[PDB]
Amino acid sequence: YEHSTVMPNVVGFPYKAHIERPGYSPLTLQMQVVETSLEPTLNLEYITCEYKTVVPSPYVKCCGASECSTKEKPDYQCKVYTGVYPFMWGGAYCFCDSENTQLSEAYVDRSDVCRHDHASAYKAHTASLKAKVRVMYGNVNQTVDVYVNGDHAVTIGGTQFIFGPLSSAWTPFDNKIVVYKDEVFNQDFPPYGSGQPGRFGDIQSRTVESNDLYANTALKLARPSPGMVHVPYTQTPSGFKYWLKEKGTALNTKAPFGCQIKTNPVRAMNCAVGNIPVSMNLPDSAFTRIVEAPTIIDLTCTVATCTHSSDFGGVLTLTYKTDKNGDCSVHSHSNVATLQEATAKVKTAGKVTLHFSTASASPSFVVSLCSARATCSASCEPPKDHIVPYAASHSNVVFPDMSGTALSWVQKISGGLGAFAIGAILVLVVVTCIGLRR
Amino acid sequence: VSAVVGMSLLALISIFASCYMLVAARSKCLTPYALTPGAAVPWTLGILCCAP
Ligand SMILES: *[C@@H]1O[C@H](CO)[C@@H](O[C@@H]2O[C@H](CO)[C@@H](O)[C@H](O)[C@H]2NC(C)=O)[C@H](O)[C@H]1NC(C)=O
Ligand SMILES: *[C@@H]1O[C@H](CO)[C@@H](O)[C@H](O)[C@H]1NC(C)=O
């Protein structure tokens, strides 16, 4: 048998599914989701890490001249200075008073811990979803991992299940993201080769093992002070450290729907949004024939007490008569109230008790015990506790039944007004007719 | 608050319309006797509808 159903995507919310085939007893499936993982497809475009400045010892030439050629190194800066008189601990370095030259050079290269400490940037795309679902029915109770994409068919207990696709295409990650250790940020980044000094992206590299590098840090050289040997250089500090100082607000403390964001791989979990369509192909061995199943006649329902809350604070009693004891399937035909137990223990005594949860002032719903059907209406009282630590265990509905007290008041007020209007229109009609007859 | 105000306006307009239409019906029923020279309305119609 092929059947279809829609399940709300809330972690921990139980779901009841009813299957009815003529000639066989109805079956109820208990389905639940335990964890949902949403992962997008990423394509790395570059990474960034703190840098270092390599400056070799200066070249001092006495009684001569020097001239440095350009090399292919990132931000290589070289210069030659004339008229220098270097000094050391012993004494003067050269006889030549004013015919000395000094060649200075420096460049920038990635730090030795770039491999271990770095921040990568990524571009987002379409995102696939994976979930884990617990299914129980009869003697079968098992959890399976599924790909919610409309493709992954799972065989449990000789039964085929297909899931998805999701009804809403919503992802919390924006087009451009930045990942650092355990944090993700939805901040944009400058393109490759267009970085600016003092900010993010001063040092650029395609990958961690890449031999090429793009650098822009405004390395400037200066003339050495007289009577000393040194190289003076000015440079804007690393942008990576500044960004780490003022990265902003992380996505982990900002994502809507209470999604838990974790890295390696970059993904979000427990995103409560939308609903999943499910389709199942069931074998015939899992059901029960009618003539083995008890026959219920003259089913009447009543409500013991009702207090709408996130708990199961509502109990009702069901009355019946059978021909033999056994096990039956119990279900509720509306989302206004949700039952707790799927299988009912039927016996010759003729009385059973059930629990349920609801969120309406006056709920009315149709209950089914095996093949028999009855109606239940109730009046509930609001709870006294304000804050609870557990999530709600009912569908959010607040609209009262047509037979509730407030709607009854509306009804008789409207009926009285309508009766008055009908009397008035009848009087006007008869008056105008007797007038027109003249 | 929106539901309460809407229901109140609906009830008010209903009762006002019914009353105005009843008054108009009475006026249209009792108009011809005022136009007839002489004569007078019967006391039955003068009791059922307030006749000057
Ligand atoms: C020894 O010192 C003398 C200077 O005291 C050096 O001679 C100079 O050489 C340069 C190179 O052409 C000339 O421009 C200067 O005019 C020279 N100075 C004098 C005073 O002649 C000499 O080169 C030094 N030799 C060594 C081996 O260091
Ligand atoms: C189904 O199996 C799981 C795994 O042990 C267990 O935790 C759960 O209680 C079982 N369900 C029922 C109804 O026994």
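As shown above, the structure is provided for reference.
(A) Main features of the overall build of chain A. In terms of regular secondary structure, chain A is built from two helices and 30 strands. The C-alpha atoms of chain A give 39 Å as radius of gyration, which overshoots the globular expectation for 438 residues (22 Å, by more than 25%). Based on the C-alpha atoms only, the size of chain A along its principal axes is roughly 130 × 75 × 45 Å. Every one of the 438 residues in chain A was classed for burial, and the buried ones make up 36%.

(B) Structural context of the site of ligand 2. Residue and element names in this part refer to chain A. Around ligand 2 sit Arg-134, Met-136 and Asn-141, and those are all the residues in its vicinity. A distance of 2.4 Å separates an oxygen atom of ligand 2 from a polar side-chain atom of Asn-141. Here ligand 2 loses 27% of its free accessible area of 360 Å² to cover by the protein chains.

(C) View of the state of the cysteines. Residues and elements named next belong to chain A. Following the criterion strictly, the structure yields eight disulfides over all chains and no others. Covalent S-S linkage joins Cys-259 and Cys-271, the inter-sulfur distance amounting to 2.0 Å. Of this pair, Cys-259 sits in the loop between α1 (239-245) and β20 (260-262) while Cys-271 is found in the loop between β21 (267-269) and β22 (275-281), placing the two residues 12 residues apart along the sequence. Summarising the burial analysis for this pair, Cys-259 and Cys-271 share the class buried. Each sulfur in the disulfide pair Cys-328 and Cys-370 lies 2.0 Å from the other.

(D) Local environment of the interface of chain A and chain B. Taken together, the contact pairs eight residues of chain A with nine residues of chain B. For the pair chain A and chain B, the two sides together bury roughly 820 Å², of which 82% comes from carbon and sulfur. Ranking the residues of chain A by area buried against chain B places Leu-417, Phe-420 and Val-431 of chain A at the top, with a combined share of 45%. Applying the counting rule to chain A against chain B returns zero salt bridges. In this structure, the connection of chain A to chain B is made through zero residue pairs in polar contact. Here the side of chain A that touches chain B is built from residues that sort into six nonpolar, one polar and one charged.

(E) Representation of the side chain of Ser-37 of chain A within the structure. Residue and element names in this part refer to chain A. With respect to the element layout, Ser-37 can be found in strand β3 (residues 27-40). Overall, the relative accessible area of 6% leaves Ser-37 in the buried class. Ignoring anything within four residues of it in the chain, the contact list for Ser-37 reads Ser-128, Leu-129, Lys-130, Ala-268 and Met-269.

(F) Summary view of the sheet that holds strand β24 (residues 314-321) of chain A. Residue and element names in this part refer to chain A. As summarised here, the arrangement of the four strands in space is β23-β24-β28-β26, forming an open sheet in which the pairing is antiparallel. Strands with a single pairing partner mark the edges of an open sheet, and in this sheet they are β23 (297-306) and β26 (337-339). Adjacent strand axes in the sheet meet at a mean angle of 35 degrees, parallel and antiparallel pairs treated alike. Taken together, the five bridges between β24 and strand β28 (residues 351-358) define a ladder with antiparallel strand orientation.

(G) Quick peek at the environment of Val-179 of chain A. All names here are of chain A. You can see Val-179 is positioned in strand β14 (residues 176-180). Judged by its relative accessible area of 8%, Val-179 falls in the buried class. Sequence separation of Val-179 and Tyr-51 is 128 residues, and the distance between their C-alpha atoms is 19 Å. Ignoring any residue separated from it by four or fewer positions in sequence, one finds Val-179 in contact with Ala-119, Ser-120, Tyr-122, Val-184, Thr-263 and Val-266.

(H) Looking closely at the environment of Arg-438 of chain A. Mapped onto the secondary structure, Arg-438 of chain A falls in the segment after α2 (405-437). With 325 residues separating them along the chain, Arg-438 of chain A and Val-113 of chain A place their C-alpha atoms 110 Å apart.

(I) Representation of the pattern of salt bridges. All names here are of chain A. Taken as a whole, this structure holds four salt bridges over all chains when the rule is applied. Ionic pairing is found between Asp-284 and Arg-21, a salt bridge with its closest N-O pair at 2.8 Å. With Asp-284 in the loop between β22 and β23 and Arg-21 in the loop between β2 (15-19) and β3, this pair connects stretches of sequence that are 263 residues apart. Put simply, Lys-321 and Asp-298 hold a salt bridge, and the shortest N to O gap is 3.9 Å. Of this pair, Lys-321 sits in strand β24 while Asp-298 sits in strand β23, placing them 23 residues apart in sequence. Assessed through its relative accessible area of 44%, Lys-321 is described here as partly exposed. Because the salt bridges share partners, they merge into one network encompassing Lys-52, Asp-109 and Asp-112.

(J) Main features of helix α1 (residues 2-35) of chain B. The end-to-end C-alpha distance of α1 of chain B, which contains 34 residues, comes to 49 Å, matching closely the 50 Å that a straight helix rising 1.5 Å per residue would cover. Of all the residues in α1 of chain B, the buried ones are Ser-18, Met-21, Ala-25 and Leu-30 of chain B. In the core, the buried residues of α1 of chain B are packed alongside α2 of chain A together with α2 (43-48) of chain B.

The rules behind each value
- Residues numbered from 1 in each chain as written, not as in the entry; some residues may be left out.
- Chains lettered and ligands numbered in written order.
- Part of a larger assembly, values for the part shown.
- Heavy atoms only, no water.
- Helix = DSSP H or I, 4+ residues; strand = E, 2+ residues; numbered from the N terminus.
- Rg over C-alpha atoms; globule rule 2.2 N^0.38 Å.
- Buried < 20%, exposed > 50% of the residue type's maximum accessible area, 1.4 Å probe, protein only.
- Near = heavy atom within 4 Å.
- Polar contact = N/O pair within 3.5 Å; in protein donor to acceptor, adjacent residues only side chain to side chain.
- Areas by Shrake-Rupley, 256 points an atom, 1.4 Å probe, with all protein chains shown as cover.
- Disulfide = S-S within 2.5 Å.
- Contact = heavy atoms within 4.5 Å.
- Buried area = accessible area lost by both parts, 1.4 Å probe.
- Salt bridge = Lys/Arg side-chain N within 4 Å of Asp/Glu carboxyl O.
- Nonpolar A, V, L, I, M, F, W, Y, C, P; charged D, E, K, R; others polar.
- Pairing = 2+ DSSP bridges.
- Axes fitted to C-alpha atoms, helices over the stretch in contact; angles between N-to-C directions.
- Expected span 1.5 Å × (residues − 1).

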